[PDB]
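Input: a single structure, listed below in C-alpha coordinates.
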Amino acid sequence: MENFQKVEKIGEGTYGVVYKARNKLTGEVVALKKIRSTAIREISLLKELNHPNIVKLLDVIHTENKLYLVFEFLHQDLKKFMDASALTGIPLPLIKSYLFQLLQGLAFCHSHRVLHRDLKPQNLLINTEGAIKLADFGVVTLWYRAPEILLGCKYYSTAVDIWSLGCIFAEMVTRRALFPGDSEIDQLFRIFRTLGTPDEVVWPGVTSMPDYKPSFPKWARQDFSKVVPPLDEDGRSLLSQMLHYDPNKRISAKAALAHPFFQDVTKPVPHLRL
Ligand SMILES: O=C(NC1CCNCC1)c1n[nH]cc1NC(=O)c1c(F)cccc1F
(Lines give C-alpha, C1' and ligand atoms only; values in the text may rest on other atoms or scores of the structure.)
Protein backbone atom coordinates (compact mmCIF):
# COMPACT_ATOMS: atom_id res chain seq x y z
CA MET A 1 0.00 0.00 0.00
CA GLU A 2 2.74 2.55 0.95
CA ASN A 3 3.51 2.17 -2.71
CA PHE A 4 0.87 4.82 -3.40
CA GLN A 5 0.44 8.50 -2.85
CA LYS A 6 -3.13 9.67 -2.24
CA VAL A 7 -4.14 12.63 -4.38
CA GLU A 8 -7.74 13.22 -3.36
CA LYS A 9 -10.81 11.46 -2.05
CA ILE A 10 -13.07 10.73 -4.97
CA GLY A 11 -15.90 9.18 -3.04
CA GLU A 12 -17.19 7.15 -0.16
CA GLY A 13 -19.51 4.16 -0.24
CA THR A 14 -21.06 1.18 1.49
CA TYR A 15 -17.96 -0.96 0.97
CA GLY A 16 -15.17 1.55 1.33
CA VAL A 17 -13.62 4.86 0.39
CA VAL A 18 -12.29 5.60 -3.10
CA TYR A 19 -9.18 7.71 -3.76
CA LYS A 20 -7.40 9.07 -6.77
CA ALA A 21 -3.81 7.95 -6.14
CA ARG A 22 -0.40 7.78 -7.77
CA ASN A 23 1.85 4.74 -7.91
CA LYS A 24 4.86 6.03 -5.96
CA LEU A 25 7.18 4.08 -8.28
CA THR A 26 5.60 3.78 -11.77
CA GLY A 27 3.89 7.20 -11.73
CA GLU A 28 0.63 5.51 -12.84
CA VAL A 29 -2.53 7.29 -11.64
CA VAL A 30 -5.19 4.90 -10.37
CA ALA A 31 -8.38 4.80 -8.29
CA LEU A 32 -7.59 3.13 -4.97
CA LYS A 33 -10.56 1.60 -3.14
CA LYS A 34 -10.03 0.98 0.60
CA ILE A 35 -12.06 -1.83 2.16
CA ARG A 36 -12.78 -1.66 5.91
CA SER A 37 -10.93 -15.88 2.52
CA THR A 38 -13.91 -16.41 0.19
CA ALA A 39 -14.08 -12.68 -0.54
CA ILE A 40 -10.42 -12.93 -1.52
CA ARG A 41 -11.18 -15.74 -3.93
CA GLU A 42 -14.06 -13.95 -5.66
CA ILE A 43 -11.97 -10.82 -5.82
CA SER A 44 -9.22 -12.74 -7.56
CA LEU A 45 -11.81 -14.06 -10.00
CA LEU A 46 -12.58 -10.43 -10.82
CA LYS A 47 -8.94 -9.81 -11.78
CA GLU A 48 -9.48 -12.19 -14.68
CA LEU A 49 -12.75 -10.61 -15.77
CA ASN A 50 -11.14 -8.31 -18.36
CA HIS A 51 -13.19 -6.42 -20.95
CA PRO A 52 -12.94 -2.96 -22.56
CA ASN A 53 -16.26 -2.03 -20.95
CA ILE A 54 -15.26 -3.16 -17.47
CA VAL A 55 -13.06 -0.89 -15.31
CA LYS A 56 -9.77 -2.75 -15.16
CA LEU A 57 -8.84 -4.18 -11.74
CA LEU A 58 -5.05 -3.59 -11.82
CA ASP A 59 -4.12 -5.12 -8.48
CA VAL A 60 -5.52 -6.53 -5.25
CA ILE A 61 -3.46 -5.70 -2.15
CA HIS A 62 -4.40 -7.67 0.95
CA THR A 63 -2.58 -6.29 3.99
CA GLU A 64 -3.11 -6.10 7.77
CA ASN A 65 -6.91 -6.58 7.79
CA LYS A 66 -7.11 -3.91 5.10
CA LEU A 67 -8.03 -4.69 1.49
CA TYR A 68 -7.05 -2.32 -1.31
CA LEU A 69 -8.45 -2.65 -4.79
CA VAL A 70 -6.37 -0.83 -7.44
CA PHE A 71 -8.38 0.25 -10.51
CA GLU A 72 -7.64 2.03 -13.77
CA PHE A 73 -8.64 5.69 -13.25
CA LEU A 74 -11.38 7.33 -15.30
CA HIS A 75 -12.13 11.02 -15.13
CA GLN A 76 -15.90 11.12 -15.03
CA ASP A 77 -18.97 9.03 -14.05
CA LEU A 78 -22.37 8.93 -15.74
CA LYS A 79 -24.20 10.46 -12.79
CA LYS A 80 -22.16 13.67 -12.98
CA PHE A 81 -22.26 13.66 -16.82
CA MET A 82 -26.07 13.38 -16.77
CA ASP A 83 -26.27 16.25 -14.25
CA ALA A 84 -23.93 18.28 -16.49
CA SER A 85 -26.00 17.52 -19.64
CA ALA A 86 -29.27 18.28 -17.83
CA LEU A 87 -30.18 21.54 -19.56
CA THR A 88 -29.59 20.07 -23.00
CA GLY A 89 -29.74 16.28 -22.55
CA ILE A 90 -27.24 13.67 -23.71
CA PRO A 91 -27.46 13.44 -27.51
CA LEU A 92 -29.31 10.29 -28.65
CA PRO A 93 -26.46 8.83 -30.68
CA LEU A 94 -24.33 9.04 -27.49
CA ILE A 95 -27.08 7.48 -25.37
CA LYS A 96 -27.26 4.67 -27.90
CA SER A 97 -23.46 4.23 -27.94
CA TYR A 98 -23.31 4.05 -24.10
CA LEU A 99 -26.22 1.59 -23.94
CA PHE A 100 -24.65 -0.69 -26.63
CA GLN A 101 -21.26 -0.66 -24.86
CA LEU A 102 -22.80 -1.48 -21.48
CA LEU A 103 -24.77 -4.30 -23.11
CA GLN A 104 -21.43 -5.65 -24.43
CA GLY A 105 -19.92 -5.41 -20.95
CA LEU A 106 -22.92 -7.18 -19.45
CA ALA A 107 -23.01 -9.89 -22.18
CA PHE A 108 -19.35 -10.55 -21.23
CA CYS A 109 -19.90 -10.78 -17.42
CA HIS A 110 -23.05 -12.79 -17.79
CA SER A 111 -21.46 -15.33 -20.14
CA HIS A 112 -18.92 -15.88 -17.31
CA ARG A 113 -21.74 -16.22 -14.77
CA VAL A 114 -20.80 -12.93 -13.07
CA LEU A 115 -23.63 -10.61 -12.10
CA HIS A 116 -23.10 -6.93 -11.30
CA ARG A 117 -26.17 -6.65 -9.02
CA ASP A 118 -25.91 -2.91 -8.33
CA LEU A 119 -25.78 -0.97 -11.58
CA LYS A 120 -26.31 2.80 -11.26
CA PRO A 121 -25.11 5.93 -13.02
CA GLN A 122 -22.55 6.64 -10.26
CA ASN A 123 -20.76 3.31 -10.98
CA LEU A 124 -20.59 3.78 -14.77
CA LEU A 125 -17.37 5.55 -15.68
CA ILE A 126 -16.59 7.47 -18.85
CA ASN A 127 -13.48 8.73 -20.71
CA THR A 128 -12.72 11.31 -23.41
CA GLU A 129 -12.62 8.55 -26.04
CA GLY A 130 -16.36 7.77 -25.90
CA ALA A 131 -15.93 4.64 -23.81
CA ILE A 132 -18.20 3.74 -20.90
CA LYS A 133 -17.39 1.05 -18.36
CA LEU A 134 -18.90 -0.97 -15.53
CA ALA A 135 -17.38 -0.38 -12.03
CA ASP A 136 -17.98 -1.50 -8.41
CA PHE A 137 -18.98 -5.04 -9.19
CA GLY A 138 -21.03 -6.32 -6.30
CA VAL A 139 -28.52 5.45 2.10
CA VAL A 140 -28.40 2.71 -0.55
CA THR A 141 -30.19 3.81 -3.74
CA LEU A 142 -33.05 1.49 -4.68
CA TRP A 143 -33.95 3.33 -7.92
CA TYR A 144 -32.37 0.69 -10.20
CA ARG A 145 -33.40 -2.40 -8.18
CA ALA A 146 -35.21 -5.12 -10.18
CA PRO A 147 -38.65 -6.12 -8.84
CA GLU A 148 -37.71 -9.77 -8.09
CA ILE A 149 -35.03 -8.53 -5.66
CA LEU A 150 -37.60 -6.22 -4.00
CA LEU A 151 -40.09 -9.14 -3.82
CA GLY A 152 -37.57 -11.26 -1.91
CA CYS A 153 -36.19 -13.64 -4.54
CA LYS A 154 -32.96 -14.95 -2.98
CA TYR A 155 -31.52 -16.54 -6.12
CA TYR A 156 -32.00 -13.90 -8.73
CA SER A 157 -30.37 -13.96 -12.19
CA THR A 158 -28.38 -11.87 -14.69
CA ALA A 159 -31.81 -10.38 -15.59
CA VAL A 160 -31.50 -8.01 -12.61
CA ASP A 161 -28.62 -6.21 -14.41
CA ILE A 162 -30.76 -5.83 -17.52
CA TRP A 163 -33.53 -4.21 -15.44
CA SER A 164 -31.07 -1.72 -13.87
CA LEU A 165 -29.70 -0.83 -17.32
CA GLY A 166 -33.21 -0.27 -18.71
CA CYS A 167 -33.80 2.14 -15.83
CA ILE A 168 -30.57 4.00 -16.66
CA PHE A 169 -31.43 4.10 -20.42
CA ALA A 170 -34.83 5.69 -19.58
CA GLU A 171 -33.11 8.23 -17.30
CA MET A 172 -30.57 9.29 -19.94
CA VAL A 173 -33.45 9.84 -22.38
CA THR A 174 -35.87 11.77 -20.16
CA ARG A 175 -33.33 13.43 -17.83
CA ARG A 176 -35.36 12.21 -14.85
CA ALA A 177 -34.94 8.98 -12.87
CA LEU A 178 -37.56 6.44 -13.90
CA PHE A 179 -38.48 4.96 -10.47
CA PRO A 180 -37.02 7.22 -7.72
CA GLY A 181 -38.17 5.16 -4.70
CA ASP A 182 -37.12 6.17 -1.25
CA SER A 183 -37.99 2.94 0.50
CA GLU A 184 -38.49 -0.66 -0.64
CA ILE A 185 -42.27 -0.37 -0.78
CA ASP A 186 -42.17 3.06 -2.36
CA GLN A 187 -39.75 1.65 -4.97
CA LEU A 188 -42.03 -1.30 -5.55
CA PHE A 189 -45.16 0.84 -5.74
CA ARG A 190 -43.59 3.38 -8.07
CA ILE A 191 -42.82 0.44 -10.45
CA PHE A 192 -46.38 -0.94 -10.15
CA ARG A 193 -47.89 2.51 -10.86
CA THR A 194 -45.98 2.78 -14.13
CA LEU A 195 -45.80 -0.85 -15.38
CA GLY A 196 -49.00 -2.12 -13.69
CA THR A 197 -49.28 -4.27 -10.61
CA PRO A 198 -47.84 -7.60 -11.76
CA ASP A 199 -50.03 -10.71 -11.58
CA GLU A 200 -49.90 -14.35 -12.65
CA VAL A 201 -50.81 -13.35 -16.22
CA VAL A 202 -47.69 -11.27 -16.83
CA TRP A 203 -45.39 -12.96 -14.26
CA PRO A 204 -46.21 -16.61 -13.42
CA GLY A 205 -45.02 -17.42 -9.91
CA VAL A 206 -45.13 -13.78 -8.77
CA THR A 207 -47.83 -14.35 -6.13
CA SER A 208 -45.61 -17.00 -4.55
CA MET A 209 -42.67 -14.68 -3.97
CA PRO A 210 -41.58 -14.16 -0.33
CA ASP A 211 -42.53 -10.48 -0.05
CA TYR A 212 -45.51 -10.53 -2.36
CA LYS A 213 -48.78 -9.46 -0.58
CA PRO A 214 -52.26 -10.03 -2.05
CA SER A 215 -53.04 -6.71 -0.42
CA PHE A 216 -50.79 -4.84 -2.94
CA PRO A 217 -52.93 -2.13 -4.57
CA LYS A 218 -53.85 -2.93 -8.17
CA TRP A 219 -52.66 -0.28 -10.61
CA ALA A 220 -53.17 -0.46 -14.37
CA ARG A 221 -50.29 -0.15 -16.55
CA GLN A 222 -49.15 2.96 -18.47
CA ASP A 223 -48.12 3.27 -22.13
CA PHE A 224 -44.39 3.73 -22.78
CA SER A 225 -45.20 6.60 -25.11
CA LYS A 226 -46.01 8.37 -21.86
CA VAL A 227 -42.93 6.97 -20.07
CA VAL A 228 -39.95 7.92 -22.22
CA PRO A 229 -41.02 10.46 -24.81
CA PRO A 230 -39.58 11.26 -27.32
CA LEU A 231 -37.69 7.99 -27.66
CA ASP A 232 -38.45 6.35 -31.01
CA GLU A 233 -40.30 3.05 -31.42
CA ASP A 234 -37.15 0.92 -31.67
CA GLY A 235 -35.85 2.41 -28.43
CA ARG A 236 -39.23 2.11 -26.69
CA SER A 237 -39.52 -1.51 -27.93
CA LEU A 238 -36.09 -2.41 -26.55
CA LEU A 239 -36.78 -0.63 -23.25
CA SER A 240 -40.06 -2.51 -22.78
CA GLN A 241 -38.18 -5.80 -23.21
CA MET A 242 -35.50 -4.74 -20.68
CA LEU A 243 -38.34 -3.94 -18.23
CA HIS A 244 -40.41 -7.15 -18.56
CA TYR A 245 -41.56 -8.19 -15.04
CA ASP A 246 -40.81 -11.90 -15.56
CA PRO A 247 -37.00 -12.33 -15.33
CA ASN A 248 -37.32 -15.26 -17.72
CA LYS A 249 -39.02 -13.14 -20.40
CA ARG A 250 -36.71 -10.11 -19.86
CA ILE A 251 -34.29 -9.68 -22.84
CA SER A 252 -30.72 -10.97 -22.35
CA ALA A 253 -27.73 -8.68 -22.99
CA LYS A 254 -26.77 -10.74 -26.04
CA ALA A 255 -30.23 -10.60 -27.66
CA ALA A 256 -30.46 -6.88 -26.84
CA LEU A 257 -27.30 -6.27 -28.90
CA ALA A 258 -29.18 -7.63 -31.93
CA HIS A 259 -32.17 -5.34 -31.44
CA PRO A 260 -32.93 -3.02 -34.45
CA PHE A 261 -32.38 0.03 -32.21
CA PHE A 262 -28.65 -0.63 -32.70
CA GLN A 263 -28.69 -0.96 -36.50
CA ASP A 264 -27.33 2.62 -36.78
CA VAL A 265 -25.18 2.69 -33.61
CA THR A 266 -21.95 4.77 -33.77
CA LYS A 267 -19.33 5.89 -31.22
CA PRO A 268 -19.56 9.69 -30.69
CA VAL A 269 -17.19 11.39 -28.22
CA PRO A 270 -18.71 13.22 -25.31
CA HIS A 271 -17.79 16.78 -24.53
CA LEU A 272 -16.14 16.57 -21.12
CA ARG A 273 -14.86 19.51 -19.11
CA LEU A 274 -12.26 18.03 -16.75
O1 LIG B 1 -14.27 7.03 -9.27
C2 LIG B 1 -13.54 6.99 -10.25
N3 LIG B 1 -13.29 8.09 -10.98
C4 LIG B 1 -13.90 9.38 -10.65
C5 LIG B 1 -12.89 10.52 -10.78
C6 LIG B 1 -13.55 11.85 -10.40
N7 LIG B 1 -14.72 12.11 -11.30
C8 LIG B 1 -15.74 11.03 -11.19
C9 LIG B 1 -15.13 9.66 -11.52
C10 LIG B 1 -12.90 5.72 -10.67
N11 LIG B 1 -11.92 5.65 -11.59
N12 LIG B 1 -11.62 4.33 -11.70
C13 LIG B 1 -12.38 3.59 -10.87
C14 LIG B 1 -13.21 4.44 -10.20
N15 LIG B 1 -14.20 4.18 -9.26
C16 LIG B 1 -14.63 2.96 -8.90
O17 LIG B 1 -14.13 1.90 -9.34
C18 LIG B 1 -15.78 2.95 -7.95
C19 LIG B 1 -17.01 3.51 -8.30
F20 LIG B 1 -17.13 4.05 -9.53
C21 LIG B 1 -18.09 3.53 -7.43
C22 LIG B 1 -17.96 2.97 -6.17
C23 LIG B 1 -16.74 2.41 -5.79
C24 LIG B 1 -15.67 2.41 -6.68
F25 LIG B 1 -14.50 1.85 -6.32
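In each ligand, atom 1 is the first atom listed, and ligand 1 is the first ligand listed. Index from 1, following the sequence.
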Next on the checklist: Heavy atoms only, cut-off 4.0 Å: how does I10 contact ligand 1, side chain, backbone, both, or neither?
Outcome noted: side chain
Item to check | Location of contacts on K20 toward ligand 1, heavy atoms closer than 4.0 Å | outcome: neither
Which word best sums up how the rings of [X] and [Y] line up, parallel for under 30°, tilted for 30 to 60°, or perpendicular for over 60°?
X	Y	answer
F261	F169	tilted
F137	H116	perpendicular
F100	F262	tilted

Tell me, which protein residue and heavy-atom name are nearest [atom], and how many Å apart are they?
atom	result
atom 12 (N) of ligand 1	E72 O, 2.6 Å
atom 5 (C) of ligand 1	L74 O, 3.4 Å
atom 7 (N) of ligand 1	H75 O, 2.8 Å
atom 16 (C) of ligand 1	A135 CB, 4.1 Å
atom 25 (F) of ligand 1	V18 CG2, 3.2 Å

With ring centroids as reference points, do [X] and [Y] lie under 6.0 angstrom apart?
X	Y	value
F189	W219	yes
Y68	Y19	no
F73	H75	yes

Checklist entry - Which atoms of ligand 1 have any heavy atom of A31 under 4.0 Å away? => result 10 (C), 11 (N), 12 (N), 13 (C), 14 (C)
Checklist entry - Just which atoms of ligand 1 are under 4.0 Å from any heavy atom in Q122? => result 20 (F)
Item to check | Per atom 20 (F) of ligand 1, closest listed option by heavy atom (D118, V30, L125, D136) | outcome: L125
Next on the checklist: If I compare all heavy atoms of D264 with all of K96, which pair ends up nearest, and what's the gap?
Outcome noted: OD1-NZ, 2.6 Å
